[PDB]
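Asker: This one's experimental. Sequence and coordinates below.
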Amino acid sequence: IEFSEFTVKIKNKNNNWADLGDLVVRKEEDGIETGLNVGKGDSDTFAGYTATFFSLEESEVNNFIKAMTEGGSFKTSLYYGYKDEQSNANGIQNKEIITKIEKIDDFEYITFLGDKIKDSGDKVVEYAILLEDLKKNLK
């Protein structure tokens, strides 16, 4: 593995598809951590919202690369998601992420579902990230 840390724009769907913020992807000694940065800086608070989004351990690293460049699946060790998700407060462990390559306005995105919305039941958030952005950083 050659990458260190990179940043991609991440969109979510609740519709519409909306631009949400940045996803920061970091290779750690054991596995990968992602963090989400959402919204405005201030003085000089970096963003409105900065936190671990999910993480995964070393043994899922090859699944994550394949999933994020070709579509597939990987297991997170820990998933929080964003503030609307039930997981955001307390995390969910061992949640499997399923990725798909889908077209939105003619461009290929990697899409995936997150967790259920905090106080709906069955309704889950969906995320998308430009496929080329991921391929170039994860080769």
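Answerer: Yep, that arrived. Numbers count the residues shown, from 1 in each chain.

Asker: quick one, strands of this structure?
Answerer: 5-13, 17-27, 32-38, 49-56, 72-75, 78-79, 92-93, 96-104, 107-116, 124-130 (DSSP state E).

Asker: wait, which of the ones you listed is closest to residue 63?
Answerer: Across the strands of the chain, residue 63 has its closest neighbour in strand 72-75 (3.9 Å, Cβ to Cβ). The way it works is simple: take the backbone N, C-alpha and C, and place the C-beta from them, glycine included.

Asker: Tell me which strands that closest one pairs with, and in which orientation.
Answerer: Under the criterion DSSP bridges, strand 72-75 sits next to strand 96-104 (antiparallel) in its sheet.

Asker: Quick one: residues in contact with the partner strand.
Answerer: 17, 54, 67-68, 70-76, 79, 108-113, 128, 131 (Cβ atoms under 8 Å, 6 or more residues apart in numbering).

Asker: by how many degrees do that strand and strand 124-130 diverge?
Answerer: Angle of strand 96-104 versus strand 124-130, following axes from the mean of the first three to the mean of the last three Cα atoms, to 10 degrees, is 60 degrees.

Asker: list the buried ones in strand 96-104?
Answerer: Under the neighbour-count criterion of 16 or more other Cβ atoms under 10 Å, strand 96-104 has 97, 99 buried.

Asker: and that strand with strand 49-56, angle?
Answerer: Computed by the same axes, to 10 degrees, the angle separating strand 96-104 from strand 49-56 equals 120 degrees.

Asker: Dump strand 96-104 to CSV, restricted to CA.
Answerer: The C-alpha trace of strand 96-104 is given here as CSV (Å, rounded to 0.1, in the frame of the first residue of the first chain):
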residue,chain,number,x,y,z
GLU,A,96,-20.4,-4.2,6.5
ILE,A,97,-20.2,-1.5,3.7
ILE,A,98,-21.5,-2.5,0.3
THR,A,99,-20.3,-0.3,-2.6
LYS,A,100,-21.7,0.0,-6.2
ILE,A,101,-20.5,2.1,-9.2
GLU,A,102,-23.4,4.3,-10.3
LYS,A,103,-23.8,7.2,-12.7
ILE,A,104,-25.1,10.6,-11.5
